[PDB]
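Enquirer: The listed protein sequences correspond, in order, to chains A, B, C and D. Going by my numbering, the first residue of the first sequence is number 51, and it counts up by one from there. Going by my numbering, the first residue of the second sequence is number 6, and it counts up by one from there. Going by my numbering, the first residue of the third sequence is number 22, and it counts up by one from there. Going by my numbering, the first residue of the fourth sequence is number 393, and it counts up by one from there. Ideal Cβ positions, reconstructed from N, Cα and C, are used throughout, including at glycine.
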Amino acid sequence: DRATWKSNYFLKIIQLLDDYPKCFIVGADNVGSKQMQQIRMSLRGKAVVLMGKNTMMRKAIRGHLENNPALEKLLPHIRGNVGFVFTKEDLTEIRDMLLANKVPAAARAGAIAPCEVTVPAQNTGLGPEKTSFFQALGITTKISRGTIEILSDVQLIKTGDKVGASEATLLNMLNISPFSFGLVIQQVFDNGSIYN
Amino acid sequence: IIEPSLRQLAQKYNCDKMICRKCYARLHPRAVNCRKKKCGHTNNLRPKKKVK
Amino acid sequence: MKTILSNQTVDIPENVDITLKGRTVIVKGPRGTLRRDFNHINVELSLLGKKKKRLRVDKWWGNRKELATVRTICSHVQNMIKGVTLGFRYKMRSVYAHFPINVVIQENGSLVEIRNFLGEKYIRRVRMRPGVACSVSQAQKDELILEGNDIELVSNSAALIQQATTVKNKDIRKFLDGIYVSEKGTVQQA
Amino acid sequence: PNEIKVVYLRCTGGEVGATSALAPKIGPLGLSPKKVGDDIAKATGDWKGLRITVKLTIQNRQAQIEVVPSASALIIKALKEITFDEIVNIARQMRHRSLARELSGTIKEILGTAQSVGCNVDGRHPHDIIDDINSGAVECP
RNA sequence: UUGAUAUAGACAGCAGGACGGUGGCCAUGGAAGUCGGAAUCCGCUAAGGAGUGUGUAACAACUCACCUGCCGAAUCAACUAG
Ligand SMILES: [Mg+2]
Ligand SMILES: [Mg+2]
Ligand SMILES: [Zn+2]
Numbered sequence: 051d052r053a054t055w056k057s058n059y060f061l062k063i064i065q066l067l068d069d070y071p072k073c074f075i076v077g078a079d080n081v082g083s084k085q086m087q088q089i090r091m092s093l094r095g096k097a098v099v100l101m102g103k104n105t106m107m108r109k110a111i112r113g114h115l116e117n118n119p120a121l122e123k124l125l126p127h128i129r130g131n132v133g134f135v136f137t138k139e140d141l142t143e144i145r146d147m148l149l150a151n152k153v154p155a156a157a158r159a160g161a162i163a164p165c166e167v168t169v170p171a172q173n174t175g176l177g178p179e180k181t182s183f184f185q186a187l188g189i190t191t192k193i194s195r196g197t198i199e200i201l202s203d204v205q206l207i208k209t210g211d212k213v214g215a216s217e218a219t220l221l222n223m224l225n226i227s228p229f230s231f232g233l234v235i236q237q238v239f240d241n242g243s244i245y246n
Numbered sequence: 006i007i008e009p010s011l012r013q014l015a016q017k018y019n020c021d022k023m024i025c026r027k028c029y030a031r032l033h034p035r036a037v038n039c040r041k042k043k044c045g046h047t048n049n050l051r052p053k054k055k056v057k
Numbered sequence: 022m023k024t025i026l027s028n029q030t031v032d033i034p035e036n037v038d039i040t041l042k043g044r045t046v047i048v049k050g051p052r053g054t055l056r057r058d059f060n061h062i063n064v065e066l067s068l069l070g071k072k073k074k075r076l077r078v079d080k081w082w083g084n085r086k087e088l089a090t091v092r093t094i095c096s097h098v099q100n101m102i103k104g105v106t107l108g109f110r111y112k113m114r115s116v117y118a119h120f121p122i123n124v125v126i127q128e129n130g131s132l133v134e135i136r137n138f139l140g141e142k143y144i145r146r147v148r149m150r151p152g153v154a155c156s157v158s159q160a161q162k163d164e165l166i167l168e169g170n171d172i173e174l175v176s177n178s179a180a181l182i183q184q185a186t187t188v189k190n191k192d193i194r195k196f197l198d199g200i201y202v203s204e205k206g207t208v209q210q211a
Numbered sequence: 393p394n395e396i397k398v399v400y401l402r403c404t405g406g407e408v409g410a411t412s413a414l415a416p417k418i419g420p421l422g423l424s425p426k427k428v429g430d431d432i433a434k435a436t437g438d439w440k441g442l443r444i445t446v447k448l449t450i451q452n453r454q455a456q457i458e459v460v461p462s463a464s465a466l467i468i469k470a471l472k473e474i475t476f477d478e479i480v481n482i483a484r485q486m487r488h489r490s491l492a493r494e495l496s497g498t499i500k501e502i503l504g505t506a507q508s509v510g511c512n513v514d515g516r517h518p519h520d521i522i523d524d525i526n527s528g529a530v531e532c533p
């Protein structure tokens, strides 16, 4: 089965690259699978996302592309988690729609944060039974109109720090988006052209 | 009233440990065979029971 | 099965030079001087280069039981060299449920006493290893900071604190109070 | 937000039951339906299906629209009384039809083997047809 | 001894994904992948079992099997009898 799986992967990239000459290298970041099925659903009529093992695609392009060189510009390039999107349309329009379609993923417990978000002052309106978590985080709250209200603004999370379990849950309960990212494109391959 | 991260820190040394099913030794959570001689280094291992 | 030779080397930084007296390795790092012998292990210690200060350890017909000591010697030296150019620091949080754990540092961090453990009237005096001094952290509320050069002395001193504050005749799954290391870091963060 | 949101679904359908329904247990979540809310939610969602019939209930400040999320299972068991080839095809076309599909050949076999416990046309089980999917491979577009 | 994996990059660590119908059907009082009975499909695939465990009344939140990233050379399993 494994021998079958690899070989049909080889002919899969070979025939499609011979069918699709222009490509992106897409950073396969911490991207949930629910978004990946969605990102192609938004892309179903236009393109397809495709990736794999970093050497899986590599030996595919050295082992079967001596017939047509000039695709070897990527041989340095494929490092880390990467991805190949394959449209036959223009570059910038297909560039931004992948960038624009970003899903506000939650803050997984144990993941570094690149963004700094601080809550503003407001009455969240949830039930007045989760007040114990706020005491753990240090903020003092009181019951106004039978709901949880935060008195003052305190710092929530800075960039490049480890998140906490109770904070991770409380951020989700407030329904306030944390630092979030989706598929990010590094640079572009357009028939032997290199562009960021 | 302990902050949960401190509780987990304590749980690392007191709760999160392996117990040998023959000699009741205290082993690190990744143990596969008991380190003691008096049971013959069995692989019969059970986790320490939690207070949940 | 007797192997022909098993060997592995380490790379010594410039700031510390290493002197070899038989099977005794002496380091001359900036933070001080630490000496340790290895006469209980039959090996070959040799300094390699006068330009990059490499030290090599051989085994020469060791069985798999004594094949393991080769890396152990190097690891000891690696911790040994790191301890004299960087130092050691094992931050020690103090967790307590109801009775606040009261610790006061005695002379030069050479003696420490834990006073209010679980509300006992007993006073727990514990002496850490010479060359290891403790210190109350100032960044946050209750955590002891102890420094030193040798990992064994600092660790064993740290373990002394951890074992001294223990609960007797009660569930240790509850009553989680005590003093335990939080992280085994270093000094100068270099 | 829409002047009311009691979106929370319910996994009861078919026969009324009234008391056997779990509306009192979930009622204090939005405070709108109560006992009568079950009565008005059930009357419209009594049949099709006459089964468990998990339903999506969007509130109407006291009333609801009992849109049944079209799972494969809820309709195939209900329509079973045997071929149902066009019947499953038309049941397939009425759904949300997302299924992370790429083509129609994808979605036909999705609803096909979904009733491995619910059989298929005449004297055959929903898997051998899935192998040689040729009849109607492009019929819906 | 037999078998298995491996530069088409093993293994172990460190880090990601771990899905749509579908909170699949019969169970129901709640079981939503995981108290019980049957099934095993689809697409996307990088993989995701209409589910290996923790667990929630349930949710959920984790872990797993399965793939991917870093790491670049051998590694793993089941037996056997001294
Ligand atoms: Mg080590
Ligand atoms: Mg007792
Ligand atoms: Zn034992």
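Between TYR29 (chain B) and chain C, is any beta-carbon pair separated by less than 9 Å?
Expert: no
Enquirer: Looking at chain C, is there any beta carbon in it that lies within less than 9 Å of the beta carbon of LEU50 (chain B)?
Expert: no
Enquirer: Select from A:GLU217, A:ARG108, A:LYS109 and A:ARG129 the residue whose C-alpha is nearest the C-alpha of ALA157 (chain A).
Expert: A:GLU217
Enquirer: What does the alpha-carbon distance come out to for the pair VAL204 (chain A) and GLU166 (chain A)?
Expert: Linking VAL204 (chain A) to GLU166 (chain A) through their CA atoms gives a straight-line distance of about 13 Å.
Enquirer: Going by DSSP in three states, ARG489 (chain D) sits in which element: helix, strand or coil?
Expert: coil
Enquirer: Taking the straight line between their C-alpha atoms, what separation do you get for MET107 (chain A) and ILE63 (chain A)?
Expert: 8 Å
Enquirer: Any chance the CB of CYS39 (chain B) is under 8 Å from a heavy atom of ligand 3?
Expert: yes
Enquirer: Quick check: the Cα distance between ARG44 (chain C) and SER178 (chain C), rounded to an integer number of angstroms?
Expert: 26 Å
Enquirer: Taking its Cβ as the centre, do 16 or more other Cβ atoms sit within 10 Å of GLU473 (chain D), making it buried, or is it exposed?
Expert: exposed
Enquirer: What does the Cβ neighbour count give for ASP171 (chain C), buried or exposed, with the cut at 16 atoms within 10 Å?
Expert: Taking all protein chains in view, the Cβ of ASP171 (chain C) is crowded by 16 or more other Cβ atoms within 10 Å, so the residue is classified as buried.
Enquirer: Can you pull the chain B residues whose beta carbon is under 8 Å from the beta carbon of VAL116 (chain C), in chain order?
Expert: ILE7, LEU11, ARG12, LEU14 and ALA15
Enquirer: Residues in the stretch 488-500 of chain D with C-beta within 9 Å of chain A's C-beta atoms, listed in sequence order?
Expert: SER490, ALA492, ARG493 and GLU494
Enquirer: With a threshold of 9 Å between beta-carbons, can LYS43 (chain B) be considered close to chain C, or not?
Expert: no
Enquirer: So with Cβ pairs under 9 Å, would you call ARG94 (chain A) a contact of chain D?
Expert: yes
Enquirer: Between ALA163 (chain A) and chain B, is any beta-carbon pair separated by less than 9 Å?
Expert: no
Enquirer: With DSSP run on the structure shown, which of helix, strand or coil describes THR197 (chain A)?
Expert: strand
Enquirer: Identify the contact partners of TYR111 (chain C) in chain B, using a Cβ-Cβ distance below 7 Å as the criterion.
Expert: None at all; the shortest Cβ gap to chain B is about 13 Å.
Enquirer: Name the chain B residues whose beta carbon is nearer than 8 Å to that of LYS195 (chain C)?
Expert: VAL56
Enquirer: Just verifying my parser: in three-state terms, what is the DSSP assignment at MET23 (chain B)?
Expert: strand
Enquirer: Within 8 Å: the Cβ of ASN28 (chain C) and any heavy atom of ligand 2?
Expert: no
Enquirer: Tell me which residue opens and which closes the beta strand (DSSP E) that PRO52 (chain B) is part of.
Expert: Run containing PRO52 (chain B): 50-52, per the beta strand (DSSP E) assignment.
Enquirer: What span of residues does the alpha helix (DSSP H) with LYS469 (chain D) cover, start to end?
Expert: 464-471
Enquirer: Could you work out which residue in B:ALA15, B:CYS25, B:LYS54 and B:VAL56 is closest to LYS42 (chain B) when comparing CA atoms only?
Expert: B:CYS25
Enquirer: Run through chain B and tell me which residues come within less than 7 Å of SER216 (chain A), C-beta to C-beta.
Expert: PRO9
Enquirer: Give the secondary structure of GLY419 (chain D) by DSSP, where H, G and I count as helix, E and B as strand, and everything else as coil.
Expert: helix
Enquirer: Sorted by chain position, which residues of the same chain lie with C-beta nearer than 6 Å to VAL169 (chain A)'s C-beta, five sequence neighbours on each side aside?
Expert: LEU206
Enquirer: Give a yes or no on whether 9 Å exceeds the smallest Cβ distance from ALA171 (chain A) to chain B.
Expert: no
Enquirer: With a CB to CB cut of under 7 Å and the five nearest residues on each side skipped, what residues in its chain are close to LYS72 (chain A)?
Expert: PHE239, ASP240 and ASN241
Enquirer: Does the Cβ of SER176 (chain C) lie closer than 8 Å to at least one heavy atom of ligand 1?
Expert: no
Enquirer: Quick check on the DSSP output: what are the complete beta strand (DSSP E) runs of length 3 or more inside the stretch 201-230 of chain A, in order along the chain?
Expert: Inside the stretch 201-230 of chain A, DSSP marks no whole beta strand (DSSP E) run of 3 or more residues.
Enquirer: Taking the alpha helix (DSSP H) that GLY199 (chain C) belongs to, which residues open and close that run?
Expert: Per DSSP, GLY199 (chain C) belongs to no alpha helix (DSSP H); it is in the beta strand (DSSP E), 199-206.
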